[PDB]
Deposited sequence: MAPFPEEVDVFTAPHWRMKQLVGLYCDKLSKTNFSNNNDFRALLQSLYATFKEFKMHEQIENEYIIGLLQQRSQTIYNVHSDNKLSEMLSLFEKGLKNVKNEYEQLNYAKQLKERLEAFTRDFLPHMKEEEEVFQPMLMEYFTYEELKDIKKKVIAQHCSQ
């Protein structure tokens, strides 16, 4: 659709950038090294906080409106951030770091597997709906708001 009414593509470009970055970091991290371990968790925490802001912006500026006008599924992150905090606060040696690493990798993989199709659905399903329930200028205005909150 026209760029000026597209409320997902730019935010999702950033979220996908952040996904690729944590996938790269995770693959390069030495989980036996406490500094590498904690640097990874700190990066993940900042990333997932931005993911949380993203979903909240969608809720407050896009989905609430779209649901009112069109009139079921209720548009994870908090649990992930809690997992990271546990790593930063409760892991004190190599045994605990490597046991944590296994659980961390399983949860991030599951998360990533769910998050990419989540974004795709917004683009493929919600955006067409936005065209049907809102005027072109109403959508330009929503996009201005969504960008201002992301950037």
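### Message
I have the full deposited sequence and the modelled structure. Can you tell me which residue ranges, counted from 1, have no C-alpha coordinates?
### Response
Several stretches lack coordinates - namely 1 to 3, 75 to 76, 81 to 83, 160 to 161, in sequence order.
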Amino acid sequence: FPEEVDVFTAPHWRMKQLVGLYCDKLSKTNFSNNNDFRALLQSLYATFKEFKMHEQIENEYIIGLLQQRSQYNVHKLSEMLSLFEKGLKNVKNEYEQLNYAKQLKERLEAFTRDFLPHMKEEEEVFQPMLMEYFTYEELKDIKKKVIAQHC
From here on, numbers count along this sequence of modelled residues.
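(request) Could you check which stretch, 52 to 60 or 116 to 124, carries the larger mean CA temperature factor in the entry? (result) Going by the record's values, the stretch with the higher mean is 116 to 124.
Mind pulling up the entry and telling me whether 83 to 91 or 42 to 50 has the higher mean Cα temperature factor? Averaging CA B-factors over each stretch, the winner is 83 to 91.
Out of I142, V19, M131, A10, which residue has the highest Cα temperature factor in the PDB record? Most elevated C-alpha B-factor of the set, per the entry: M131.
Requested in this report: Classify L26 as lowest, middle or highest third according to the C-alpha B-factor given in the PDB entry, relative to its own chain.
Outcome: According to the entry, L26 has a C-alpha B-factor in the chain's middle third.
- Compared with the other modelled residues in the chain, in which third is the CA B-factor of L66? For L66, whose C-alpha B-factor we compare with every modelled residue in the chain, the answer is the highest third.
* Can you work out whether the C-alpha temperature factor of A101 puts it in the lowest, middle or highest third of the chain? => Answer is middle: the recorded C-alpha B-factor places it there.
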